[PDB]
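First the structure, in the form of structure tokens, and then the observations on it.
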Amino acid sequence: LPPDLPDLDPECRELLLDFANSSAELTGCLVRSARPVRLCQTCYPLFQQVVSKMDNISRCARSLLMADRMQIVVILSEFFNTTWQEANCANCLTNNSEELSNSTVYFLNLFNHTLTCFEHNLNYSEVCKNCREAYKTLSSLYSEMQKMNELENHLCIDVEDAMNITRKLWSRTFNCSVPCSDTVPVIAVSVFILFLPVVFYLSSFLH
Amino acid sequence: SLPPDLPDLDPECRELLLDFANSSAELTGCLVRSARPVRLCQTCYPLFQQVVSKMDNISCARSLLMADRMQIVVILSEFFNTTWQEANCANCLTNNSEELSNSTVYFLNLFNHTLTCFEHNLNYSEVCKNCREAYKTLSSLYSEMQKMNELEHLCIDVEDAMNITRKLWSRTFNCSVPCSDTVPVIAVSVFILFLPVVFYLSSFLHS
Amino acid sequence: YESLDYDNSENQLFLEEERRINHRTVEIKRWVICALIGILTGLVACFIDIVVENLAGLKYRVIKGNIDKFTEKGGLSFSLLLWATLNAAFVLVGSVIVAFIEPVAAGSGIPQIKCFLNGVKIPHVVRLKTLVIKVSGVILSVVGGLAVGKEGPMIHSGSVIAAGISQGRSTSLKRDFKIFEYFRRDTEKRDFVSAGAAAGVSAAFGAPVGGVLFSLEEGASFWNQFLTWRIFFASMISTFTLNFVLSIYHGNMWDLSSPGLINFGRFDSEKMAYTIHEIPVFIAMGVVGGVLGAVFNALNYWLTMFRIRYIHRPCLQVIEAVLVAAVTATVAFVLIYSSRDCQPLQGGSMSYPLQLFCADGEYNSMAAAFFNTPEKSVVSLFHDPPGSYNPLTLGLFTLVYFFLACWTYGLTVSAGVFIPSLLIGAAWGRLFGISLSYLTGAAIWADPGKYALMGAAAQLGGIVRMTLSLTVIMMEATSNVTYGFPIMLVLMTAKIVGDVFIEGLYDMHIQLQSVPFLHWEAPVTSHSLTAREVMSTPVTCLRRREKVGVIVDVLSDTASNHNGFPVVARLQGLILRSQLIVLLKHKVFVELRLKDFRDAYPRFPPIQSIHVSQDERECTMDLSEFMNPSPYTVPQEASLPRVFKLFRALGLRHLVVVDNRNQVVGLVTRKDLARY
Amino acid sequence: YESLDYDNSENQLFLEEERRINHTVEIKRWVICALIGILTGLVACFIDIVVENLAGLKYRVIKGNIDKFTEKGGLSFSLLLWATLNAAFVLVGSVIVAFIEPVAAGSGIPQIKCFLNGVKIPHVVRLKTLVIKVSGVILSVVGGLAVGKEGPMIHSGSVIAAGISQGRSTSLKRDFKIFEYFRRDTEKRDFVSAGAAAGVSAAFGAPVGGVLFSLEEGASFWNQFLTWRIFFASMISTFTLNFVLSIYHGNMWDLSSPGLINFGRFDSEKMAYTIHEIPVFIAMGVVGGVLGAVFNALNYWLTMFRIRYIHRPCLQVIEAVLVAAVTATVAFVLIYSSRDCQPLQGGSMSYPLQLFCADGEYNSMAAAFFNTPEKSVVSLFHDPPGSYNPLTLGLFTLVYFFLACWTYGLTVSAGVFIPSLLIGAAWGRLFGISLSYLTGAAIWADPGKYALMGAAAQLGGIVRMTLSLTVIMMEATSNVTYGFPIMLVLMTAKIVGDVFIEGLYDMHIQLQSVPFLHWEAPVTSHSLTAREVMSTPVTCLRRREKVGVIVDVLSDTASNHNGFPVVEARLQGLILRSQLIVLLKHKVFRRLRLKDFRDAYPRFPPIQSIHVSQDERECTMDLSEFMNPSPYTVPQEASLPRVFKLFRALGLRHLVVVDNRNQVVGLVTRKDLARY
Ligand SMILES: *[C@@H]1O[C@H](CO)[C@@H](O[C@@H]2O[C@H](CO)[C@@H](O)[C@H](O)[C@H]2NC(C)=O)[C@H](O)[C@H]1NC(C)=O
Ligand SMILES: *[C@@H]1O[C@H](CO)[C@@H](O[C@@H]2O[C@H](CO)[C@@H](O)[C@H](O)[C@H]2NC(C)=O)[C@H](O)[C@H]1NC(C)=O
Ligand SMILES: Nc1ncnc2c1ncn2[C@@H]1O[C@H](COP(=O)(O)OP(=O)(O)O)[C@@H](O)[C@H]1O
Ligand SMILES: Nc1ncnc2c1ncn2[C@@H]1O[C@H](COP(=O)(O)OP(=O)(O)O)[C@@H](O)[C@H]1O
Ligand SMILES: [Cl-]
Ligand SMILES: [Cl-]
Ligand SMILES: [Cl-]
């Protein structure tokens, strides 16, 4: 039999079966730990070992990658890099994708602190109390990390969904707000400036 | 006792997410385990349809799917439609994805017979000769199905099978008809390229 | 308002000066000067764009950082007083320098240059002081938060650059710079002003052939191939210069993704495709835009007439513009404060997300409609996915900004009208798309990114009734050539439906100053007037061998101040008064190589000064080598449509009328011909 | 050859007609121009339909027999079949050209330029000349001549324009009472402009390229609303073509096919250019100018060989047959001897030949032939890098430059553009392949970009028109910033091509003795005034004459003039020959009006066909009512750039020269502005 015309090679079977023994794990990791967005703090070692199993066979690569008009191993790594660049879990990872990053691991705890205060303060009158001094520093920390990535240049998906839940739960379903009835001192100015041009026109029209 | 979808998901649809994930991770196993021997459309044509049926069970519609900016399930199913509609696996399917088509399994059975004819005749003396009939009937059926296509590419299985057949017939064999056909075409070529100078000189001399 | 002479003298000193260059140098000088006009206009455009967006980013960063500190505390009204001041500061600086120093830099530069290419020389139109003041004023007014555009003054900037640097002379610095020394007649000046205006149009809107056809609309001359190809040359130079320099400002250089100051994008993406059945929809939008243009111009006309009659002190119309900026600040803050919707960042659509009252993740919608350049709003009234605005908010912005732009035109600031017309027209033209999506369901062909463009073209053709150059600009700036057909139907419809009511905004402010302004054709509802009506039958003619006692009689009479004289009675040619004083200063008598005519060429020395003596009142001056030996002598019985298409097409400012006898009877100048 | 008036006679009957209509005619011109656009679009679509269908039917024979013999042997029968099909279609499509009417040969452009310039080539507008040329291109592109069909659309546009403007078919000898005002040749010259512009816009899909084509020739005064009606007809023509091709291809509401050839769109960002390769683009223009000079010189000496020796019609038919036979055998030598195969990926061949290849690959030289040349030109502009064998393009280019050159002067209705663009994209692609060999495949060594610049290089080299070719290549590509390298390339190629030989179209103008006019003076001739130019004897009339003098002047039998002045020697007017003919018929020695002067407006009856020599030719004659009272008039000391400016920009055909007093000497009549 000629090489790679009918079938595989013995030193290319394991070079294919390791990737299938791991990419199923990573795809399952995404969809199992998907919608409560815990993704960047769960699936990054599985993702990095998928990258490494791509590399150790990418270095019969021309017998697998460039051997078929629908390059299955290329388009599958391409989709994972598409997700990993769209999620940007590299923000949530410390130095060499080994551990979680320095600030965000504390941001996730202040998310959990704010949820514990929400739960222990359970007609949402007193829930507007007792947590506004923690919701404010939580939003301050989020905006501080967002300005941090602004100085480097959408953030990491793990923290953006946490702040999205926090804002979607504080602002509505609690309706906690401050009126700040500063309407009439605005109207005390916004009418006086609009009253200037009729004075300016009818002043010079008579003189 | 928080309201649903905000801290976590309800367990009423978490089961749907979990057995979608269990099923959808197996499809990666089809795509990568059955990759280089390209048995793709004939292996997980059941596994692809059950993923489509599990998309219908999750269609908690706005609770799962349209509640995040990186919709994991939706972009995964969009990737499965993309991998589906480039392989064109419907051409291997019969009418409504119930089973294969009789034409394609007829082709594959003839294809394995052609490979056995390749294997029995094993210095390519009696290899090119006394085996050409199988290559001609197999390419005949290929061009027959390919002409059948256009009133309605093809399945990746049969197309990569014919790629194997053409790469084997072309190189490592060079089973090539010599086609000694040079001298008449050279005679007609010199016969016609010499006509214009005849025309120009007979136009110049008749003067 | 005195015309200039695009016609050539062709006397004996012109025939001598034709030698020694044909015994080929000047053509490459023409090409290099046109290239420098293009480069300098591109550099001025980059100056304006980078300085304006940096200053405006500074201003709105200061204001945006202010309001969020004062939100929950209760000092919102004290932040209104800052932004009402920050508008009023720059407009005050941006109008004082315009009013007292050069009042000709008011409004746009386009009516003055449009009157220039007809031949009329408005006095202070092409000085360098006018350039400096108009550029500084458009920076201070676009940064000054008014409802203005900065593509208006790019025509006058390019025209002033072109009339300046094609001289090798400044005269506002009293310098000489004898480098070109041949491009100092009004023919060359008019040709280079045509090149500079075309480069200004191309630098403004990013379409070069819009520039060439614009500078060929006005100055409806005879066709001149190498001229128009040089005009196109300078246009391409200016576009590529602007594109290259704004490219390397963003540190990329490798795409060149900005040809003009306003840039529309790619209209090909198959959600923008149009069908043949919705052509009457486009006609209907042309009707709608062609009557709001009439409303705009009419309400400006009764507003401008008031300002001319009363507010004409140069220190009093300055106070007006400050109050205009204050009203823009107050009205915009009132509209922002009272918008009940919030809408999240879609990925960088707003660029200054000003949350007022929202739910801490979402931002205000109306603060995106204000707090921006108008140009980003116009591009974003295009190109959005459908279902991306609130029609109350978006229609409410339209209903205000139309009157704010109608009210901010005749001030003593350097402003535009194009992008305010495009911001109005892309607004209600967007709203028609939402209504078509409301009355047809989710129809694909009612994509409001398509109808937002037709409304922009409709409004821009309605307000400034200009078709051929505008159609090519709108067809090329979108970079899709199948849109020219609905756009040209829209523009025809809007011009007809507009001219059945009112004149036109550029022509109206031209007519309010009573400049002559020869139109394109004759007023075709005038019958066969021969030349024996439209001419001036008492003629002040001269002689060839004539005693100088009727020269100083006719140069100085203080009640019949003319310019240009025919010499005889038969006819021998025409002499110019601007050429005839140089015959007196240098004492040409029987008792000079066309360089004393051209050294002190602009602002010719007025004859009061010379003081000829009384014995030089019987001496004889012979001007036979100075007259134009070929004037243009239409007969008496020539009809009026004949004598227009010589006086208008050829760049004339005199026209002799003679008979079968070749007796000189009358003469046709611009004032004696644009009075019908 | 015959001249063509453009200024109206302005006689008192036309003034009476002005007064009668001025108690609504411009509205007719819009719908006539719209019909010209619609009909030119439908002709272009009909040509595209039938040329796709016949050539689609032709190659399915030839592929189906090359593939039949390639497993047995005997391709000489297939080669004789392919030569017989090519010689048969070219015989059928050329026997109607040499024998029936020899004026439809080649593209219309050398006749349309001279017609817009005012030379009536004796068969330009004729229904027979149309249907020869419409059915000639169909039977010639399918014949396999190396030509392109986008060329001869300009003549189709002009013929249809001048045909449907008149409401009368002289080829059918029937009439209509519809458009009596428009048989007057002031109008008829301007409708040919609209038809040629619409033919250009339906050809290449660039509707300003039509406008700035038909404004280049016919270099007259800026007739504004004419120009706007021309752009109207241009846009309607390209929309009609796009609409009918998009309803024929399916997907009615995807107007994807603007012109006949569609270069794509260049927003791929591998096509992006920057400044560090701008002097590379000057080097391509030099090679384009050199190869265009080689092209035009080879074709020039070929035509000098063809006029003297091959002028019998059947010799020309045998010549046209024995080129298509040679072309197929050259192509089959190249395909049969090619040693490279590349497999198909998507639609790139559509008739693939697995000639000797490995059963899934196909012959690459078979792909370069066996196509529409449009598909190869578009593929060379947009195939990804690393998709051609350089030996393959070298062989194809090197044979195709001669087959384009050898097949131009034949008697077939065909173009030269797509041959010129195909050569230019052919050698231009090699210059982009070798730069990916030196730079190590950098990003600015993009070979799809250097095929675009070589196309404009070769096309500017062969025919020397700019601003009608810069505007197309901006607008077909739909990337605006590409005009700047294209402007550089066209300037370079025109300058380097003019130092060897003239343009191809001006060549074929001057090789058949046309009194043609250029844009300007010959070089300078400023000293050469109107003294040396005018004709010395004057054949002039009087208003108080006697007929019989009319008979002798019109029956000189040695001169055959057409313009005659009338004096008292004081110049009163200028009477034509044809008006004087019509005056000789009816009894003049009252009812006569303008419709009597439009009786069979082309080809009036000559002087021998009127017997009026017994009672008439003995009495007086009054033409005081019938005369042009104000003809344009220069003095003899007018310099030639003032005489040529007044003559060319007005469409005059008789410029009377009158001295100091009104006495007539000489009358400049277009031959003496071409001899210099
Ligand atoms: C047939 O097999 C060959 C390889 O033997 C395929 O060639 C590859 O094609 C892909 C894209 O089609 C390229 O990315 C690879 O670099 C190629 N590799 C080699 C080794 O040539 C070919 O595409 C296959 N054709 C079909 C129709 O399946
Ligand atoms: C915050 O949560 C909301 C929903 O609670 C997200 O809104 C969805 O966004 C996706 C894409 O961004 C859309 O396809 C959905 O249609 C949206 N939902 C609805 C109900 O319209 C929002 O994107 C989240 N924001 C972030 C930053 O995660
Ligand atoms: N030689 C002349 N004879 C009669 N009228 C003249 C003569 N020159 C000028 N005029 C008239 O004087 C008026 C203004 O002319 P002028 O001051 O030269 O202005 P312009 O800038 O239009 O040339 C016009 O009404 C014009 O017809
Ligand atoms: N009546 C005439 N007197 C003098 N020269 C004339 C006269 N008629 C024609 N010519 C000259 O004869 C030449 C050709 O003129 P002709 O053929 O009659 O004009 P057209 O170009 O309209 O056919 C020109 O040089 C023209 O000046
Ligand atoms: Cl503006
Ligand atoms: Cl403006
Ligand atoms: Cl062509």
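Letters A, B, ... go to the chains of the structure tokens in the order shown; residues in each chain start at 1; ligands are counted from 1 in the same order.
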| In chain A, what's helix (DSSP H, G or I) per DSSP? Answer as a ChimeraX atom specification? | /A:10-32,44-57,65-67,72-87,104-120,125-128,132-152,157-170,184-206
| said: Show me which residues are within 9 Å of ligand 5 counting only C-alpha atoms and all ligand atoms, and format the list as an MDAnalysis selection string. | reply: chainID C and resid 108 148:153 415:422
| task | Counting only C-alpha atoms and all ligand atoms, name the residues that have an atom within 10 Å of an atom of ligand 2; the answer should be given as a ChimeraX atom specification. | result | /A:37,154-168 /B:5-6,62-63,65-71,74 /C:344-347,361-362
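Near ligand 1, at distances of 6 Å or less and with only C-alpha atoms and all ligand atoms counted, sit the residues residues 66, 67, 68 and 69 of chain A; 160 and 163 of chain B.
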| said: Distance limit 7 Å, reference ligand 7, atoms considered: only C-alpha atoms and all ligand atoms. Which residues make the cut? Give them as a PyMOL selection string. | reply: chain D and resi 147-152+414-418
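Take CA of residue 123 (chain C) and atom 7 (C, counted along the ligand's line) of ligand 3: the distance between them is 20.8 Å.
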| Which chain B residues are at most 12 Å from chain D (counting only C-alpha atoms), as a ChimeraX atom specification? | /B:135-136,139-140,142-143,153,159-160,162-171,173-207
| task | Tell me which protein, DNA and RNA residues are within 10 Å of residue 205 (chain A), counting only C-alpha atoms, leaving out same-chain ones fewer than 4 positions away, and put them as an NGL selection string. | result | (:A and (199-201)) or (:C and (306 or 309-311))
Filtering to N, CA, C and O atoms, could you give me those residues as a tab-separated table (two decimals), in the first residue's frame?
```
chain	number	residue	atom	x	y	z
A	199	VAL	N	-35.27	89.73	23.03
A	199	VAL	CA	-34.82	91.01	23.56
A	199	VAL	C	-33.80	91.65	22.62
A	199	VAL	O	-33.86	92.86	22.36
A	200	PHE	N	-32.89	90.85	22.07
A	200	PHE	CA	-31.84	91.39	21.21
A	200	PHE	C	-32.40	91.87	19.88
A	200	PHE	O	-31.93	92.86	19.32
A	201	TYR	N	-33.41	91.17	19.36
A	201	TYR	CA	-34.01	91.58	18.10
A	201	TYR	C	-34.89	92.80	18.28
A	201	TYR	O	-34.76	93.79	17.54
C	306	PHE	N	-33.94	91.12	7.10
C	306	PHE	CA	-34.00	91.86	8.36
C	306	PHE	C	-32.62	92.27	8.83
C	306	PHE	O	-32.42	93.40	9.30
C	309	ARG	N	-31.24	95.26	6.82
C	309	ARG	CA	-31.86	96.56	7.07
C	309	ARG	C	-31.47	97.13	8.42
C	309	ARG	O	-31.30	98.35	8.54
C	310	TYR	N	-31.30	96.29	9.44
C	310	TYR	CA	-31.12	96.79	10.80
C	310	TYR	C	-29.76	96.44	11.38
C	310	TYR	O	-29.02	97.35	11.77
C	311	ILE	N	-29.39	95.17	11.43
C	311	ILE	CA	-28.20	94.75	12.17
C	311	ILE	C	-27.04	94.83	11.18
C	311	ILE	O	-26.59	93.84	10.60
```
| request: Please identify every residue of chain A that has at least one atom no more than 8 Å from any atom of chain C, counting only C-alpha atoms, and report them as an MDAnalysis selection string. | output: chainID A and resid 154 164 167 171:172 178 180:182 185:186 189:190 193:194 196:197 200 204:205
